[PDB]
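First, one chain by itself: the form solved without the partner chain, in structure tokens.
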């Protein structure tokens, strides 16, 4: 938790679109089993990728406006942002191994 950014629809532009460096955004919602599976995986990734990546989370039941703008369908959906643009997309729950391979491939 501590270094992971809790996003709102208000702050999304400043925190993600204007941020320097890669930001991985987790679009999640309440009552979501797959969302709960990857939540400790992302607290680990936040520590292991420190200096290379910032992790941020946006709960769509409390923040209904940003996800329609990115065409989000399945929840959870992870979007890797770089310089304000969507660099890569992964949707669905995945293991720690799969997430590391996805990040190592795309942080290049």
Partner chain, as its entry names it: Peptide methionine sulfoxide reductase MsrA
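Positions refer to the first chain, counted from 1.
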{"property": "Entry-level comparison of average CA B-factors, 43-51 and 27-35, reporting the higher stretch", "result": "43-51"}
{"property": "Between the two ranges 83-91 and 13-21, the one averaging a larger CA B factor in the entry", "result": "13-21"}
{"property": "Relative C-alpha B-factor of residue 59, binned into the chain's lowest, middle or highest third", "result": "lowest"}
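Keep in mind the form solved in complex with the partner chain is missing from the figure; the text below concerns it.
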item	value
Partner proximity in the deposited complex: residue 17 to the partner chain, non-hydrogen atom cutoff 4.5 Å	no
Exercise: residue 60 in contact with the partner chain in the deposited complex, heavy atom 4.5 Å	yes
Exercise: residue 22 in contact with the partner chain in the deposited complex, heavy atom 4.5 Å	no
Contact of residue 74 with the partner chain in the deposited complex (heavy atom, 4.5 Å)	yes
